[PDB]
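Here is the structure we will look at, set down as structure tokens.
Reconstructed Cβ throughout: ideal geometry from the backbone, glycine too, with neighbour counts over all protein chains shown. Since every read-out is calculated from the coordinates, none of them should be taken as a lab result.
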Amino acid sequence: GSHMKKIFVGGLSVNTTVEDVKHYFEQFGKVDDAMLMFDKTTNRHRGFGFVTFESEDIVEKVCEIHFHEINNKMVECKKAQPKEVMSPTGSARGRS
């Protein structure tokens with residue numbers, strides 16, 4: 001109820017992928033996407049990133065829980081700002 005649609009994630013193994021993070025977060029509700037912070041000196045991620053959610057009603061529990069399992073390693077998550085891309089303005093059009 002009036003929370004944000006995204007979260008921060010940190011403590012990831014170098015073994016863990018962006019697709020692993022996207023998969024492991026789906027246990028609470030639909031994850032739309034995930035991304036990681038890459039180091040251009042190594043082309044590996046720094047052990048941290050972000051996850052996009054279908055609804056802020058899911059994100060409330062995800063962000064309330066401090067620690068989350070990914071590839072059996074535990075990581076923490078935190079608040080992150082939303083981004084506008086959806087549109088609710090559909091209509092139930094039809095005829096007899």
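Expressed as a fraction of 2.2 N^0.38 Å, the C-alpha radius of gyration for the chain is 1.28. Computed from backbone phi, the HN-Hα couplings of the stretch 27-43 come to 4, 8, x, 4, 9, 7, 6, 9, 8, 10, 8, 7, 8, 5, 7, 10, 6 Hz, rounded to whole numbers (Karplus: 6.51 cos²θ - 1.76 cosθ + 1.60, θ = phi - 60°; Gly and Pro given as x). Listed values for the stretch 87-93 are Karplus-derived 3J(HN,Hα) couplings in whole Hz (6.51 cos²θ - 1.76 cosθ + 1.60, θ = phi - 60°), namely 8, x, 6, x, 8, 7, 5, and x replaces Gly and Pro.
Dipole check for the chain: with +1 at the C-beta of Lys and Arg, -1 at the C-beta of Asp and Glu, and the Cα centre as origin, the magnitude is about 280 Debye.
Close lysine pairs were tallied over the chain: pairs 8 or more places apart or on different chains with Cα atoms under 23 Å apart number 29. Put a dot 7 Å past the Cα of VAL14, heading toward its Cβ, do the same for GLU76, and the two dots end up 2.2 nm apart.
Restricting attention to the stretch 6-96, which GluC sites (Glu not before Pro) occupy a DSSP loop and are surrounded by at most 16 other Cβ atoms within 10 Å? When the GluC sites (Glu not before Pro) of the stretch 6-96 are filtered for loop state and at most 16 Cβ neighbours within 10 Å, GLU54, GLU84 remain.
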